[PDB]
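Form deposited without the named molecule, single chain, as structure tokens, below.
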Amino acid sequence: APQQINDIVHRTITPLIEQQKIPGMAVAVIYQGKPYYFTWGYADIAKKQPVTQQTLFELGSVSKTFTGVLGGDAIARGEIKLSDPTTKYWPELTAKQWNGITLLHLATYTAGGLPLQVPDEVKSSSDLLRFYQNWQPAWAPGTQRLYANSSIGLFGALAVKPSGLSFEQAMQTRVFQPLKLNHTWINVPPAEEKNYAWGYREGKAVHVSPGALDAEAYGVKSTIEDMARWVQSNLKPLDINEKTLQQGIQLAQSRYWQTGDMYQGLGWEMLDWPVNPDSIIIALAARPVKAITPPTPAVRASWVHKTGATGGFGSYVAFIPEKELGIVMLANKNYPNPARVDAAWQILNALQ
């Protein structure tokens, strides 16, 4: 822990925690291929349990980065293609609006206005089919981006079908295990209960509610160590020994669509480095997309990032491959996104 990293981190995070009243927080800075860990406050306020390097936080939508890489791994395996129609992997999807909707569209929120959430009442596999069959698109496929758990969530479920594995089995065996993420869970086991932090929404202790496609969209829990390892894996994919995982990370960081200065990958979102901080610092934001023809392979000169939130948690991951530099910020309160990106910006810009 060099003093350069120590001082900038404590100078940035301490005021953030006070200003946002965050009960507990874990931060990892990846600098020249080594992680540096920082922890504040409480994982459990009532039981006085401190945040540590073993504390599990809910990642929220940062889960979509694991989903995107797993999908990319399936592509590398020759099991799926992003150009394949959705109907190829779900033939019961016989409704005529699904003509021309591909796995890429699901992965990148460009199917034509799939809703932010799968409705809470949708539970069975029959419910899900009925839900997607009855969905009426607002736009043609590949024309507008509308962020949606029902879009990326379905991509994840369909992407693992040719493997013959469940999503959870696929993620564990193809992403978690090979990358040594031994404390990253879709479902937290009883042995890990003590490490599992409580989230805090308006003073109330809360964990993420179960739902359809939760594992695929927002259900991963992890520690600051594993997330630091996840960042390193994404910083330097070609150092990973697994052939298809290496390629799947690169596919997930490819630029498929452009909306202004933002580029949409699989899970990951990117901007050209150097980034105007104002470009990175609303319930529904429909944005027209420019197709990148063909998609640009993972650009090392990039700000790659993803925000995530659940009711009780707020997370943020950001990295710059070119600089071998990254940050993970995990907190057990859902606080404003600009505050996360600002703090991350302050730290990484000081270190680059």
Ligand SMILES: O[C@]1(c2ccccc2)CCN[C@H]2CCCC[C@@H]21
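For the two forms, the rigid core is made up of the largest set of C-alpha atoms that agree within 1.5 Å on superposition. Just count from 1 along the sequence shown to find any residue number.
> Between 315 to 323 and 284 to 292, which has the larger RMS C-alpha deviation from this form in 8 other deposited structures of this protein after core superposition?
Looking at 315 to 323 versus 284 to 292 in 8 other deposited structures of this protein, the farther one turns out to be 284 to 292.
> Give, as the answer, the stretch of 220 to 228 and 119 to 127 that departs more from the shown form in 8 other deposited structures of this protein; the measure is RMS Cα distance after a core fit.
Looking at 220 to 228 versus 119 to 127 in 8 other deposited structures of this protein, the farther one turns out to be 119 to 127.
> In this entry, is the chain continuous from residue 281 to residue 282, or are deposited residues missing in between (none, 1 to 3, 4 to 9, 10 or more)?
Missing residues, residue 281 to residue 282: 4 to 9.
> If you average the CA temperature factors as listed in the entry, which stretch comes out higher, 77 to 85 or 221 to 229?
Per the PDB record, 77 to 85.
> Averaging the C-alpha B factors as listed in the entry, name the stretch that ends up higher: 234 to 242 or 263 to 271.
Taking the mean B-factor of the alpha carbons in each, 234 to 242 is higher.
> Out of 256, 155, 98, 139, which one has a C-alpha B factor higher than all the others in the entry?
That would be 98, according to the entry.
> Checking the record values for 114, 165, 215, 252, which has the greatest CA B factor?
When the deposited C-alpha B-factors of 114, 165, 215, 252 are compared, 165 is largest.
> Mind checking which third residue 312 falls in for C-alpha B-factor across the chain?
Its C-alpha B-factor belongs to the lowest third of this chain's values.
> Thinking about Cα B factors across the chain, which third does residue 43 belong to?
Its C-alpha B-factor belongs to the middle third of this chain's values.
> Ranking the modelled residues of this chain by C-alpha B-factor as given in the entry, is residue 210 in the lowest, middle or highest third?
Ranked within chain, residue 210 CA B lands in the middle tercile.
> Divide the modelled residues of the chain into thirds by Cα B-factor and specify which third, lowest, middle or highest, holds residue 64.
For residue 64, the deposited C-alpha B-factor lands in the lowest third.
> By the record's CA B-factor, is residue 180 among the lowest, middle or highest third of residues in the chain?
It belongs to the middle third of the chain when residues are ordered by C-alpha B-factor.
The following text describes the form solved in complex with the named molecule, which does not appear among the structures shown.
> Using a 4.5 Å heavy atom cut-off, which residue among 30, 70, 317, 43 comes into contact with the named molecule in the entry with it bound?
Going through each option in turn, the one that passes is 30.
> Go through 106, 175, 228, 159 and name the one with a heavy atom inside 4.5 Å of the named molecule in the entry with it bound.
Selected option: 228.
> Answer for residue 38 alone: is it within 4.5 Å of the named molecule in the entry with it bound, judged on heavy atom distances?
Contact check for residue 38: no, nothing within 4.5 Å of the named molecule in the entry with it bound.
> With the named molecule taken in the entry with it bound, which residues across 231 to 260 come within 4.5 angstroms through any non-hydrogen atom?
Those in contact are 232, 233.
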